[PDB]
Amino acid sequence: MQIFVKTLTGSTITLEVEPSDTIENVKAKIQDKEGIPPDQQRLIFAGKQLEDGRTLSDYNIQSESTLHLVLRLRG
C-alpha cells in the first residue's frame, strides 16, 4: 500500500506500508527519509494524533490517505 505524509514545507512524501504496520513503524520510515527522530514526530489523521502502538488498519488508513507530520521540537 502507498500512503502520503504531508511535511512541514507543505510538500508530500510517499511511503510504502502495509495495513498491519504500527504508527511507530511509520515514524521509523519518516526518520529514514527525513532524519526527524520518532520522539519529535506526531502524526495526525482524521482530526486526531495517532498512537505509536496501533496499526494503520486500526485507524482506517487506506491507499493514498494523507497523514500530516507535526514537529514536537521538545521531543
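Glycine is treated like the rest: Cβ placed from N, Cα and C.
The ubiquitin cross-link annotation in Swiss-Prot covers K6, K27, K29, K33, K48. Summarising the annotation, Swiss-Prot assigns site 'Interacts with activating enzyme' to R54, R72. For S65, the entry in Swiss-Prot reads phosphoserine. Look at Swiss-Prot and you will find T66 tagged as (Microbial infection) ADP-ribosylthreonine. Feature annotation from Swiss-Prot assigns site 'Essential for function' to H68.
Features recorded in Swiss-Prot, as mapped to the structure shown.
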{"residue": "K6", "record": "ubiquitin cross-link", "CB count, 10 Å": "15"}
{"residue": "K27", "record": "ubiquitin cross-link", "CB count, 10 Å": "21"}
{"residue": "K29", "record": "ubiquitin cross-link", "CB count, 10 Å": "17"}
{"residue": "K33", "record": "ubiquitin cross-link", "CB count, 10 Å": "13"}
{"residue": "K48", "record": "ubiquitin cross-link", "CB count, 10 Å": "9"}
{"residue": "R54", "record": "site 'Interacts with activating enzyme'", "CB count, 10 Å": "12"}
{"residue": "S65", "record": "phosphoserine", "CB count, 10 Å": "17"}
{"residue": "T66", "record": "(Microbial infection) ADP-ribosylthreonine", "CB count, 10 Å": "12"}
{"residue": "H68", "record": "site 'Essential for function'", "CB count, 10 Å": "15"}
{"residue": "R72", "record": "site 'Interacts with activating enzyme'", "CB count, 10 Å": "11"}
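Listed in sequence order, the recorded positions from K6, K29, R54 having a Cα within 10 Å of the Cα of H68 (site 'Essential for function') are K6. The recorded sites near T66 ((Microbial infection) ADP-ribosylthreonine), taking a 10 angstroms Cα-Cα threshold over the set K6, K33, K48, are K6. Counting in whole angstrom, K33 (ubiquitin cross-link) lies 23 from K48 (ubiquitin cross-link) by their C-alpha atoms. Comparing the Cα of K29 (ubiquitin cross-link) with the Cα of every entry in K6, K48, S65, these being the recorded positions, the smallest distance points to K6. Recorded residues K48 (ubiquitin cross-link) and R54 (site 'Interacts with activating enzyme') have their alpha carbons 13 Å apart, per Cα-Cα distance. The shortest Cα-Cα distance from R72 (site 'Interacts with activating enzyme') to any of the recorded positions (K6, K27, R54, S65) is found for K27. Looking only at the recorded positions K27, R54, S65, the one with its C-alpha closest to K6 (ubiquitin cross-link) is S65. Secondary structure at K33 (ubiquitin cross-link), taken from DSSP and collapsed to helix, strand or coil, is helix.
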